[PDB]
């Protein structure tokens, strides 16, 4: 199936998913000098007070912390968005080395990892229906650099040994995603896509300028995960990032400067 290697990684995805060569693919390099400050953008509103995490899950490509999105709870609005987008899950992409791992880049800089908080536009009723619309999803992307530990991340890291392998899940309740946010909500935004198959062109990307710091020990725990299932040869889950794709007609807008 698809994955991140030589014979099934990103340069192969187009054969099963021809939109991989589409007009609004993600991620992209954010050229900060070219991004246009847009004084009409609004502050983002990230309203995570009542978020209810349910499970954390390893799917063989990443791991994802899930939320109960059956009620008007943890919502993203404002910024570039029209309407209300409800948080459904977050996940990460990361590298084998601290010098790579992010999907987006900033003036060609790669971060050690990238957090994706995925939200769906409530006007489409479900995340699945939302994924068929060109304004269906909004992903808040946050870069991770290696330095001091992020305390709010540790509950996630400490459960990973219980989900080492593809298909494992754990009861993951009362996790507060506010502990994963940097101080500043300054951002870049552009229209793009899922970064994994099926690569749907359904995402408004909102990429925060300010990275969070995680410790070397925290990211080493991500790198102990496996892309295989239990009882299969160990494949470390590392380098699960799609490289930057052509910007094509698009303009990246800045909320700041």
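Positions refer to the first chain, counted from 1.
Comparing 24 to 32 with 63 to 71, the higher mean C-alpha B-factor in the PDB entry belongs to 63 to 71.
Per the PDB record, of the two stretches 75 to 83 and 92 to 100, 75 to 83 carries the greater mean B-factor over its C-alpha atoms. Among 131, 169, 105, 122, the highest C-alpha B-factor recorded in the PDB entry belongs to 169.
Residue 152 sits in the highest third of its chain by CA B factor, as recorded in the PDB entry.
Among the modelled residues of the chain, residue 14 sits in the middle third by CA temperature factor in this PDB entry. Per the deposited record, the Cα B-factor of residue 218 falls in the middle third when ranked against the other modelled residues of its chain. For residue 181, the recorded CA B-factor ranks within the middle third of the chain. Only modelled residues enter the ranking. Ranked by C-alpha B-factor against the other modelled residues of its chain, residue 42 falls in the highest third.
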